[PDB]
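In what follows, a single structure is set out as structure tokens and then discussed.
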Amino acid sequence: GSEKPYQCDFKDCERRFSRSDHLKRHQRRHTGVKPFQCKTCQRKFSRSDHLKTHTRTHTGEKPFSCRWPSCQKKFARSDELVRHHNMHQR
DNA sequence: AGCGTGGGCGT
DNA sequence: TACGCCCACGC
Ligand SMILES: [Ca+2]
Ligand SMILES: [Zn+2]
Ligand SMILES: [Zn+2]
Ligand SMILES: [Zn+2]
């Protein structure tokens, strides 16, 4: 039970948000607006944070390293590493 | 497996 | 406002 006065008025959408920007971000799912552009491949994206991880597909940057002993696996995204770590154990 | 992308939060 | 982090789901 929170204060989320920013309601999405799109048809049949009953989502609400705590700050105006989070609502505007969500609304791009309805409109398909993609304000951000990768300058390497020209692809456009709805979100700068998703643009940022996309660009690691060009640079090869892999900031997330497996902690398992003798494993040298690295990943671009933290969720990729979570999935890998779940694999060592089961 | 690698990564688009939606929603939850943050400084 | 800018600019994310993490998680989850779905190809
Ligand atoms: Ca509504
Ligand atoms: Zn909506
Ligand atoms: Zn690109
Ligand atoms: Zn590993």
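For the numbers below, each heavy atom of this structure counts, side chains included, while hydrogens, waters and symmetry mates do not. Just so it is clear: chains get the letters A, B, ... in the order the sequence lines come, proteins before strands, and each one is counted from 1.
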(message) Ring-plane angle category for A:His26 and A:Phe17, please: parallel below 30°, perpendicular beyond 60°, tilted otherwise.
(response)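 Rings of A:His26 and A:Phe17: tilted, 30 to 60°.
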
So what does [X] touch, heavy atoms closer than 4.0 Å: a base, only the sugar-phosphate, or nothing?
X	answer
A:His84	nothing
A:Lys73	nothing
A:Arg56	nothing
A:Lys24	nothing
A:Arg28	nothing

Based on whether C1'-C2'-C3'-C4' is positive or negative, which pucker family does [N] belong to?
N	value
C:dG10	south
B:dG8	north
C:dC9	south

Has [X] got a side-chain N or O lying under 4.0 Å from the OP1 or OP2 atom of [N]?
X	N	result
A:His54	B:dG4	yes
A:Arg47	B:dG6	no
A:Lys4	B:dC9	yes
A:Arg15	B:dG8	yes
A:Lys34	B:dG4	no
A:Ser46	B:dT5	no

Integer-rounded Å distance: [N] [atom2] and [X] [atom1]:
X	N	atom1	atom2	result
A:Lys52	C:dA2	NZ	P	16 Å
A:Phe64	C:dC5	CZ	P	8 Å
A:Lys44	B:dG4	NZ	P	17 Å
A:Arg77	B:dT5	CZ	P	11 Å
A:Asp79	B:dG4	CG	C1'	11 Å
A:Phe17	B:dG8	CZ	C1'	10 Å
A:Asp49	C:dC7	CG	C1'	12 Å
A:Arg25	C:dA2	CZ	P	13 Å

(message) What's the closest nucleotide to the side chain of A:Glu80 if the choices are B:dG2, C:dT1, B:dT5?
(response)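 Between B:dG2, C:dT1, B:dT5, the one nearest the side chain of A:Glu80 would be B:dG2.
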
(request) Could you tell me whether A:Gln42 atom CD has more than 12 heavy atoms of other residues or ligands within 6.0 Å of it? (result)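 Result for CD/A:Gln42: enclosed.
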
(request) Return yes if a side-chain donor-acceptor contact under 3.5 Å exists between A:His54 and A:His50, otherwise no. (result)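 No.
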
(request) State whether the aromatic ring of A:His50 stacks on the base of B:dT5, taking stacking to mean ring centres under 5.5 Å apart and ring planes under 30° to each other. (result)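 According to the criterion (under 5.5 Å, under 30°), yes, A:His50 stacks.
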
(message) If you assign A:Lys74 and A:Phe45 each to the DNA chain B nucleotide with the nearest heavy atom, which residue ends up on the more 5' nucleotide?
(response)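 Closer to the 5' end of DNA chain B: A:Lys74.
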
(message) Let's test your reading of the model: under 3.5 Å, does the base of B:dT5 pair with the side chain of A:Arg43 as donor and acceptor?
(response)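 No, no donor-acceptor pair under 3.5 Å.
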
(request) Could you tell me whether a side-chain N or O of A:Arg56 sits under 3.5 Å from a main-chain N or O of A:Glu61, the two making a donor and an acceptor? (result)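 Flag not set: sc A:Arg56 to bb A:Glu61 has no pair under 3.5 Å.
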
(request) Measure centre to centre between the rings of A:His84 and A:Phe75, then say whether the value is under 6.0 Å. (result)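 Ring centres of A:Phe75 and A:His84 closer than 6.0 Å.
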
(request) Can you see which heavy atom on A:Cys38 is nearest to which on A:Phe45, and at what distance? (result)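 So the minimum-distance heavy-atom pair works out to CB-CE1, 4.0 Å.
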
